[PDB]
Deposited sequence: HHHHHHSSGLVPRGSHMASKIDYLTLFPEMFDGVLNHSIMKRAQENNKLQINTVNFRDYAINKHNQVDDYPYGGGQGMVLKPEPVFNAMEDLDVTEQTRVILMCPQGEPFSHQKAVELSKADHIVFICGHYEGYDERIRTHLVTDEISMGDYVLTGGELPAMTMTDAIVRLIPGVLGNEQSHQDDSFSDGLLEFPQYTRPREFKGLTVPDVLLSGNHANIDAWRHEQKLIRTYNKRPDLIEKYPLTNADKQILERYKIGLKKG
């Protein structure tokens, strides 16, 4: 499997591909990653990859020819998935990460451009994906985050919040690890962790409690808690 990124700043990805999961999986002969710069396929008078929009508008638009050429050199096939980092795209999701981990070749089109030529979108892009309602400067960090979640799904819940976890030391600033965790009584350790899960969910995410098949023990735990409050 292989991932290629079209970027103006191929060096933003320095140290994110040479370390962690990217370093591991790429070393392991699992994924080939290539960075590709624009303006390496530009032919404009200033070697530009953006020009002004027909009809007017404030911004500048990425031109189609450098991008189709970039797809050409990257040996994009009819089954390659070309992902446009688009602020109005479908929000990225675990479902989509599972879907994309099934893909032999992937290309991210990254860029700060206010606009993209519609030719690119109609005949080149297979996928347009957002990071969320917030506004970013470019598609490079989105591209890398999505790559993280996808690569992690390469061969290389219960409905509640997590239970608190503690490690050494037992005491720190007078803040004491709960004693049940050191008693070596695993039935109590698990019962306590479950109680904390119910209580933390009740306090911070009551919607999750509503969608949870509460037992009679769970109801009693929450009721003893909310009475212990008063």
query: Sequence ranges absent from the coordinates, based on the deposited chain and numbered from 1; finding: 1 to 18, 175 to 187, 262 to 263
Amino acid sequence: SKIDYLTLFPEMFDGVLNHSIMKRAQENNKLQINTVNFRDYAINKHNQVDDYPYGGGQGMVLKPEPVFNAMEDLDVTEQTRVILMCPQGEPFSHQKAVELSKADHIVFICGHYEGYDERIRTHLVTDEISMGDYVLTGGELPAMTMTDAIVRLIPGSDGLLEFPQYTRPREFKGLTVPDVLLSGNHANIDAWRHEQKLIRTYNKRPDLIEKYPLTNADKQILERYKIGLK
From here on, numbers count along this sequence of modelled residues.
{"query": "Selected stretch [higher average CA B-factor]: 193 to 201 or 170 to 178", "finding": "170 to 178"}
{"query": "Per the entry, higher mean C-alpha B factor between 146 to 154 and 88 to 96", "finding": "146 to 154"}
{"query": "Of the residues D117, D104, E140, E114, the one carrying the largest Cα B-factor as recorded", "finding": "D104"}
{"query": "Residue selected from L222, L214, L208, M12 by maximal Cα B factor", "finding": "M12"}
{"query": "Third of chain Cα B-factors occupied by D51", "finding": "middle"}
{"query": "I33 - which third its CA temperature factor falls in, relative to the rest of the chain", "finding": "highest"}
{"query": "Chain-wide C-alpha B factor ranking for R39, given as lowest, middle or highest third", "finding": "highest"}
{"query": "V76 by Cα B-factor - lowest, middle or highest third of the modelled chain", "finding": "highest"}
{"query": "Ranked against its chain, the third holding the CA B-factor of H186", "finding": "lowest"}
